[PDB]
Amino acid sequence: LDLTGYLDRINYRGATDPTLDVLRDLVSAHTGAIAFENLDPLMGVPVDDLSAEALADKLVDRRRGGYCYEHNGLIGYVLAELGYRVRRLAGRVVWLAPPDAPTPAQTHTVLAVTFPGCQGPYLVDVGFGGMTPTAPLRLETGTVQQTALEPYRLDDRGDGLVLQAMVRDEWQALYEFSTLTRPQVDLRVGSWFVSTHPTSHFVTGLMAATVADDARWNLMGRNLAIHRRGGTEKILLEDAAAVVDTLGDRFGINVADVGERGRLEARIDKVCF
């Protein structure tokens, strides 16, 4: 119910009516202000509470980032309060995987959004780390949808859909999802798995992502990548202390919220180095 707190956090100043332009402006403000991060699962802190109060406490009041369940959870509550009709969906991540790869777990969550006067439903995803669409996408197959960054495309895959994006020089399948509404409890089960399981990439490693000035800032451990329209520059971070500095400065995460910096640096040192 802390609508004001959220809007100030994302530095939004426009209108609040449930329209297409507002949805575009909110998604752009959210993706540019709240970083993607897995500092909680990395530090052995599970992501179990997906209520409006818990997510606003962390992502707004404490100035932290989060992952898919936290990002799409928070924006989903905000949009519902503004008058948008929000349906929470579940997805399986297939990024960089070939078509014959083993069936992935349902560890991603996206939103199907409608509003007064809309021609059709819209896909909203502000929680897909390094490749999250910075614009609401028409929930329709075949159409190429250009954003402020990469172009996106949805295609019909079996009993559901698949979101694809043109990364570098080829169309890459990001995730496959069903358009069926999933209850909150199913999302909690998925979030528990991805934040506690010893095999999860969010437990074993560090991942951080943001968007700032027509560019994508992606961090995989000590590997920082800045993806621009022109090209990509890669920076190999020297030590765990420099990694924490990047998380605080470049990514705008309140690192002090995690606890003693020495413990976070030691965890990054043992995991990334």
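Start at 1 and count along the sequence shown; that's the residue number.
Enquirer: Looking only at CA atoms, which has the higher mean B factor in the entry: 222-230 or 23-31?
Expert: Averaging CA B-factors over each stretch, the winner is 222-230.
Enquirer: Averaging CA B factors per stretch from the PDB record, which one is higher: 98-106 or 129-137?
Expert: Higher mean C-alpha B-factor in the PDB entry: 98-106.
Enquirer: Which has the highest CA B-factor per the PDB entry: 116, 190, 73, 183?
Expert: Most elevated C-alpha B-factor of the set, per the entry: 116.
Enquirer: Of the three thirds of its chain by CA temperature factor, lowest, middle or highest, which one includes residue 210?
Expert: Middle third - that is where residue 210 ends up once the chain's C-alpha B-factors are sorted.
Enquirer: So where's residue 83 on the chain's Cα temperature factor ranking, which third?
Expert: Middle third of the chain for residue 83's C-alpha B-factor.
Enquirer: Residue 171's Cα B-factor: lowest, middle or highest third of the chain?
Expert: Its C-alpha B-factor, which the entry lists for residue 171, ranks in the highest third among residues of this chain.
Enquirer: Could you say whether, by C-alpha temperature factor, residue 91 belongs to the lowest, middle or highest third of its chain?
Expert: Its C-alpha B-factor belongs to the lowest third of this chain's values.
Enquirer: How does the C-alpha B factor of residue 56 compare with the rest of the chain: lowest, middle or highest third?
Expert: Middle third by C-alpha B-factor.
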